[PDB]
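2 protein chains.
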Amino acid sequence: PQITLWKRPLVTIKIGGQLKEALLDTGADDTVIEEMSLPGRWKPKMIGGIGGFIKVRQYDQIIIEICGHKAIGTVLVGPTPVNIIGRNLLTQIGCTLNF
Amino acid sequence: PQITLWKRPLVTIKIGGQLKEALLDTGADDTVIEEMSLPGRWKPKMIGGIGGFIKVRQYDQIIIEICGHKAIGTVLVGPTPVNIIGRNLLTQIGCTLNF
Ligand SMILES: CC1(C)SCN(C(=O)[C@@H](O)[C@H](Cc2ccccc2)NC(=O)COc2c(Cl)cccc2Cl)[C@@H]1C(=O)N[C@H]1c2ccccc2C[C@H]1O
Ligand SMILES: [Cl-]
Ligand SMILES: [Cl-]
Ligand SMILES: [Cl-]
Ligand SMILES: [Cl-]
Numbered sequence: 501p502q503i504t505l506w507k508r509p510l511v512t513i514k515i516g517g518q519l520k521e522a523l524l525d526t527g528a529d530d531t532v533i534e535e536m537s538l539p540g541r542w543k544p545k546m547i548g549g550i551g552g553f554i555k556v557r558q559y560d561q562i563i564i565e566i567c568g569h570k571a572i573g574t575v576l577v578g579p580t581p582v583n584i585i586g587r588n589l590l591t592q593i594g595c596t597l598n599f
Numbered sequence: 501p502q503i504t505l506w507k508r509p510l511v512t513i514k515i516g517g518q519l520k521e522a523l524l525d526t527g528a529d530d531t532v533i534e535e536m537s538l539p540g541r542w543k544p545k546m547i548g549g550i551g552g553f554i555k556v557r558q559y560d561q562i563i564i565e566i567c568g569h570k571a572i573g574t575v576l577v578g579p580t581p582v583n584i585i586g587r588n589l590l591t592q593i594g595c596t597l598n599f
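What follows is the structure, encoded as structure tokens:
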């Protein structure tokens, strides 16, 4: 699909059996989701942006459904104010910026 | 151009006759640039990112070139970790997301 940027590029995602709203974010290296349970192992990580840094849990090899497109990758879980789909998963669904 | 997301979508911008690197950032509502001199009056703005909120200076109707594309709009100036081109100017240069 072609998504215009008049409003926030929000999409419905399926992660860990849960439906969530998430922002397609080209400024984010990684994907970060609000507090939730994910299976398997994790390690602590710090991610930085505007306002500074937050502590997240890093889960690797996680499957997510984005607009019907399944993708696998690392997902960070923590106190993000917005669910964000970052470049690590945006690449996997074939998402580009066009102008 | 078509910009893939395997690396950061970093572009050259021109503001005040100066070349700068900036990030095409679909997750940002607004355009935020690191400390610099801009003409005219500013007004207060608080913007919320991953690590919280920062105060910025809002300058309206600023002439800015982005990857050779001419835009005129609002530029926020403050303690941003990187120059970011948000949706306010991405829409001006006709930028969309495609997959
Ligand atoms: C470093 C940056 C270029 S600065 C802005 N940024 C980004 O990814 C931005 O798109 C960011 C995303 C976001 C949206 C809503 C709430 C909070 C955060 N937005 C912002 O920082 C601020 O955006 C706004 C403005 Cl400018 C005005 C009004 C309202 C808003 Cl939400 C990058 C970043 O934080 N990236 C980090 C990030 C974020 C999420 C997941 C992983 C990572 C790694 C790291 O790369
Ligand atoms: Cl900051
Ligand atoms: Cl990954
Ligand atoms: Cl590709
Ligand atoms: Cl504007």
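Protein sequences, first through last, are from chains A and B.
Numbers 501 to 599, taken from the UniProt record's numbering, label the letters of the first sequence in order.
Numbers 501 to 599, taken from the UniProt record's numbering, label the letters of the second sequence in order.
Where a beta carbon is used, it is the ideal one built from N, C-alpha and C, also for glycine.
9 Å Cβ cutoff, residue i in contact with chain E
{"i": "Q502(A)", "result": "Reference to chain E is not applicable here, since the protein chains of this structure are A and B."}
Proximal chain B residues relative to residue i, where beta-carbon distance stays under 9 Å
{"i": "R587(A)", "result": "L505, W506, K507, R508 and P509"}
{"i": "residue 454(A)", "result": "Here chain A covers residues 501 to 599 and nothing more, so residue 454(A) does not appear."}
Contact set between residue i and chain B, taken where Cβ atoms lie within less than 7 Å
{"i": "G552(A)", "result": "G551 and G552"}
Contact list for residue i against chain B, beta-carbon separation under 8 Å
{"i": "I515(A)", "result": "Result: empty, since nearest Cβ-Cβ is about 18 Å, beyond 8 Å."}
{"i": "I593(A)", "result": "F599"}
{"i": "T596(A)", "result": "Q502, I503, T504, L505, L597, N598 and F599"}
{"i": "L576(A)", "result": "Those do not exist, as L576(A) stays about 10 Å from chain B at its closest Cβ, beyond 8 Å."}
Partner residues on chain A for residue i, Cβ-Cβ distance less than 8 Å
{"i": "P581(B)", "result": "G548, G549 and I550"}
9 Å Cβ cut-off: residues of chain A touching residue i
{"i": "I584(B)", "result": "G527 and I550"}
{"i": "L590(B)", "result": "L505, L597 and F599"}
task: Taking only runs that begin and end inside the segment 511 to 596 of chain B, name each unbroken beta strand (DSSP E) of 3 or more residues, in chain order.
output: Qualifying beta strand (DSSP E) stretches, in chain order: 518 to 524, 543 to 549, 552 to 566 and 569 to 577.
- prompt: Got a list of residues with beta-carbon closer than 6 Å to any non-hydrogen atom of ligand 3, in chain order?
  reply: Counting only heavy atoms of ligand 3, the residues whose C-beta sits closer than 6 Å to one of them are, along the chain, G573(A), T574(A) and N588(A).
task: For the segment 532 to 544 of chain A and the segment 508 to 525 of chain B, state whether three or more C-beta atom pairs, one from each stretch, are separated by less than 8 Å.
output: Cβ pair count under 8 Å is below three, so no.
field: ligand 2 site residues, beta-carbon cut 7 Å against heavy atoms
entry: The chain-ordered list of residues whose CB is nearer than 7 Å to some heavy atom of ligand 2 reads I550(A), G551(A), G552(A), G549(B), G551(B), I554(B), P579(B), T580(B) and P581(B).
- prompt: Do the segment 537 to 545 of chain B and the segment 581 to 599 of chain B meet, that is, are 3 or more Cβ pairs less than 8 Å apart?
  reply: The segment 537 to 545 of chain B makes no contact with the segment 581 to 599 of chain B; the number of CB pairs closer than 8 Å stays below 3.
message: Contact between the segment 519 to 528 of chain A and the segment 579 to 591 of chain A is defined here as three or more beta-carbon pairs at a separation below 8 Å; is this criterion met?
response: Touching, yes.
query: Are there three or more Cβ pairs, one per stretch, closer than 8 Å when the segment 556 to 572 of chain B is compared with the segment 563 to 576 of chain A?
result: Below 8 Å, too few C-beta pairs join the segment 556 to 572 of chain B and the segment 563 to 576 of chain A to call them touching: fewer than three.
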